[PDB]
């Protein structure tokens, strides 16, 4: 049975998965997504390198394919990441002038969000903005613009598509005692008090074995920032233990503002961490014990 259908019956929005044209045309990915998942994110086709490889010149073929496939198959769409240090073209990284970088960043956000206006449920606007000690990461945006880049990004995104839910996301938010987890909460509270339109915090849960248990404390901490939504993103677990996966799912169920869960992929061989067999389907596209454990946990 379908973990998306089951999680919806427990009052959540979706169980989703990252994908793209290459996946959808191979393996059993499209069939599994159609049956078992309710939302898709572009794994890479919306990243900056992919969408704006030279200044002002956009590439939308790959993202368009994903968006169209999702619409044809009745799936919600999440997308990102609009502003982060990964997948960043060299032409962006070499900018030194504050006003230029603001305009570059605003044009990137507005162009992408306008193209898909009204079709995207969730946009991950800012990603990986924090250092492990909780200070802000000194990426090109912070170095050139300063800390205003985060409010500017969210303000620009809200104007481009007021219907989308706007998220900040990060990894290593999995322990409630870790400084990064505390810092994103405190800063999101401050930004929201200044009227910055941060609708969500997304937790990029690339987990090692045994880390599911701590998410039961970390996810309510993230929700305490007061955003209308929190999400679990990029989920995979080294070893794919049912205990870890069920602990992650129950953290979602326990946190009223947690709208859903997105796994990093469908089948183990297609993970960037394949040797850790960290996904819910094996290399034959058969569901693994963790998939069945999630089914049993969600059944009523």
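Numbering follows the first chain given and starts at 1.
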item: Per the entry, higher mean C-alpha B factor between 115 to 123 and 137 to 145; value: 137 to 145
item: Higher-scoring stretch by recorded Cα B factor average, 160 to 168 or 100 to 108; value: 100 to 108
item: 173, 129, 88, 230, ranked by C-alpha B-factor: the highest one; value: 88
item: Candidate residues 68, 45, 29, 275, the one whose C-alpha B factor the record puts highest; value: 275
item: For residue 94, the third of its chain into which the C-alpha B factor falls; value: highest
item: Ranked C-alpha temperature factor of residue 62 among modelled chain residues, by third; value: lowest
item: CA B-factor ranking of residue 19, expressed as a third of its chain; value: lowest
item: Entry-reported Cα temperature factor of residue 202, expressed as the chain third it lands in; value: lowest
item: Chain thirds of CA B-factor: placement of residue 187; value: highest
